[PDB]
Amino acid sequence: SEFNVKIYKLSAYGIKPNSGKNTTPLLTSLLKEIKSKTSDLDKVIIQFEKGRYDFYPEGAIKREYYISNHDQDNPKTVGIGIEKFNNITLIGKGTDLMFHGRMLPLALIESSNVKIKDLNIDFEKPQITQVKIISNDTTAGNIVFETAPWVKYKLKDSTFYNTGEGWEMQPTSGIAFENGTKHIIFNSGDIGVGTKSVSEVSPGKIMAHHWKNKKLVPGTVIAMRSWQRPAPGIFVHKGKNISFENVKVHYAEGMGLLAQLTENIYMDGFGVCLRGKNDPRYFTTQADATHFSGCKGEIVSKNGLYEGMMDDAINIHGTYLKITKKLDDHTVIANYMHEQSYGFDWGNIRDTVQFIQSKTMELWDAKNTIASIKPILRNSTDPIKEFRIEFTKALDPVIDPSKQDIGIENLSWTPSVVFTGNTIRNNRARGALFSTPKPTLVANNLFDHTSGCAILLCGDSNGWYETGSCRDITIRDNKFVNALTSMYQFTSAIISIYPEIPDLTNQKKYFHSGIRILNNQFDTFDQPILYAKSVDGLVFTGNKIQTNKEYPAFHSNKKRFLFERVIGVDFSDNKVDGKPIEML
């Protein structure tokens, strides 16, 4: 073409801000055309203006997607489908993409060199229900709660439903928040909610007749929810060189950003957050803010704001298949085991694999290489639950599924990580999960009142089936303020290194190695700073621990440092309230 970049200002093509019309069928039809014309090396930009674009289900594409760490409800109702479309940039100018009903806002499928920039994603009617405690009669167990202004509910058979366009969902749990600070209420975590046995006092004032909780003082704001997570805000599958710059996801029925089987991801200014100090909402995403399942290359996530999520800010991990059958010396059948991670590819020819003894979480040193890999399917349409993997090298007969439980990590689909200069706060569960053997830098982050623990290095081939023996990770120059006001799975200390190990007494081999924790600041009211299970090599140096009394100490673990099957400890130049603490 006669142009280096072909720029499509959307308003020039019949797609205007603040029209209040359904943008879905228009942008869909338009992209389809721009695609059919642009050859491959051709570069494209799609440009939104200031103001608001609404997207509804009607006229949306219906894609069958399998999404890591999410409910496998199909089809998905997809707002914007970037599919097999390269060198494309979606850009806005303080733009507000507003979605309605149950939708997957943005899907990036099998696309390279995609950039998303200066653009916000939100739903008008979040499936999460915000309410405010009006009166709590602790004796009778009567709570009156006020629905927030934007909430449309129905009562049917004394049951509280939350509604939006084409959906109706009864909340079963919640997260309580301090009024004002927007912290999560001390020792709350997941709590039951009084959505059964209800009746209407007056519009937007609901009486719960059998709700007993002394913690829900007048003023407390509660995010009532279910466990459903069918679609993330931005889904990315099989991307190469993907970019997000100044992109905020304010809410989605699932994770903010879920990227899988993607090589190289760059994020500057990514937020999953509120619209500022004046946002009436206390909550953001129904699940994790950002999530990276089975990625590779380099992941940069910097200068982000994550707040009020119903889960972690970042989670970086792979998937252990479980071997169900050994056909011969070279060939096994292996299966996806969790309900929320199946239906997508796991590896390719030439991938490096290693095997794990699930019961004691011990690696075999003998690595292998995939020679062949084919999903096993009765009908073509069926989803990928089960593979037949062939290795180049023969397997030592000790690797037989009828002898013990054996898992497979794909060491090729593992990304390197830079997670710097972010702010995480006021969110459910942990702050950040890292599970990658590749080099990882976690630096100059602020963990301001995470509900659970700040950082979690896990690994589990029994429950979650999420890989991550760590080998190389520096957690430096971070600030951790009053982490762990509430318990969740694995929250044993501000930094918890907690692999899921069924049989620890019999473990000979250390699961994690090469962990350096240098020059951090821990502002805490409690005791537990570091918990470490099954580590060979653990540096803890130059760290400052400052005590405060913003809350009562309470954690069962009353030890600053708690090690279990840990060798290789280097511990120097640490302080507590400006006084040294040495091992010797």
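In case it trips you up, residue 1 is the first one in the sequence shown, and so on.
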Q. Averaging C-alpha B-factors over each stretch, which comes out higher, 376-384 or 314-322?
A. 376-384
Q. Per the PDB record, is the mean Cα temperature factor higher over 421-429 or over 191-199?
A. 191-199
Q: Name the residue from 237, 449, 302, 508 with the greatest C-alpha temperature factor listed in the entry.
A: 508
Q. Whose C-alpha has the highest temperature factor in the PDB entry: 389, 456, 274, 501?
A. 389
**Q.** Lowest, middle or highest third - CA B-factor, residue 407
**A.** highest
Q.
How does the C-alpha B factor of residue 552 compare with the rest of the chain: lowest, middle or highest third?
A. middle
Q. What third of the chain, by the recorded C-alpha B-factor, contains residue 226?
A. highest
Q: Going by the recorded CA B-factors, say which third of the chain residue 308 sits in, lowest, middle or highest.
A: lowest
Q | Record-listed C-alpha B factor of residue 534: chain third | A | lowest
